[PDB]
Amino acid sequence: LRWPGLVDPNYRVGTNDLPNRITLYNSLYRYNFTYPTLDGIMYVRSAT
Amino acid sequence: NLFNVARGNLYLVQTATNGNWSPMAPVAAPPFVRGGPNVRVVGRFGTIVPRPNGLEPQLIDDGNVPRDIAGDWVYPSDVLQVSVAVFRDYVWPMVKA
């Protein structure tokens, strides 16, 4: 019951079991995020 | 012109002449005038939007549309006072070539 991801063949990917038991082995995502650094050219409106 | 002031505008076109050249008294008509066919006026910022891997960077014309550099342009004098570092880096090589 703790390990339906490892043992059970009818396990759906992403299905937890949170209210009753802490399923001990799940299918997580791992995000390789990239954080951009903003550095641009600043202009100014001309005269007239 | 007696007091070293001059009327009119200024043209920056590549002219590889070998014979006579007279910059103050130009013979025939000027190449284009603001509002002519396929002549665009630069916007008041003089900004340039840089396009990515393999395209060409474009000026932002009168309005908000980005128009490409190689063609004709009407640079008002005020925009050139706040975009000379963007003039001399981008459009001025397309004047020389």
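Chains D and C supply the protein sequences, listed in that same order.
Reminder that position 34 of the first sequence reads as 1200 in the authors' numbering, one-by-one numbering, no gaps.
Reminder that position 4 of the second sequence reads as 976 in the authors' numbering, one-by-one numbering, no gaps.
Note that the Cβ used here is the ideal one computed from N, Cα and C, for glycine as well.
Distance CB(residue i)-CB(residue j) smaller than 8 Å
i, j, result
"C/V1037", "D/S1212", "no"
"C/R1039", "C/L1027", "no"
"C/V1013", "C/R1006", "yes"
"C/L984", "C/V1067", "yes"
"D/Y1209", "C/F975", "no"
"D/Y1191", "D/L1172", "yes"
Assigned secondary structure, residue i (DSSP; H/G/I helix, E/B strand, else coil)
i, result
"C/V1067", "helix"
"C/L1052", "helix"
"C/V1037", "coil"
"C/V1058", "helix"
"C/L1031", "strand"
"D/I1188", "coil"
Cβ-based burial, residue i [other Cβ within 10 Å; buried from 16]
i, result
"C/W1045", "buried"
"D/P1170", "buried"
"C/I1020", "buried"
"D/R1178", "exposed"
"C/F1059", "buried"
Contacts that residue i makes with chain C (C-beta to C-beta distance below 8 Å)
i, result
"D/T1200", "What D/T1200 touches in chain C: nothing, since even the nearest Cβ is about 17 Å away."
Under 7 Å from the C-beta of residue i: neighbouring residues of chain C
i, result
"D/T1214", "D1050"
Proximal residues of chain D, C-beta to C-beta of residue i below 9 Å
i, result
"C/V1054", "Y1209, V1210, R1211, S1212, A1213"
Open item on the list: Tell me which residues of the segment 997-1017 of chain C have at least one Cβ-Cβ distance to chain D shorter than 8 Å, keeping chain order.
Closed with: Interface annotation for the segment 997-1017 of chain C against chain D: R1016, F1017, criterion Cβ-Cβ distance under 8 Å.
TODO: Quick one: which residues of the segment 1013-1043 of chain C get their C-beta closer than 7 Å to a C-beta of chain D? List them in chain order.
DONE: From the segment 1013-1043 of chain C, only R1016, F1017, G1018, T1019 have a Cβ closer than 7 Å to chain D.
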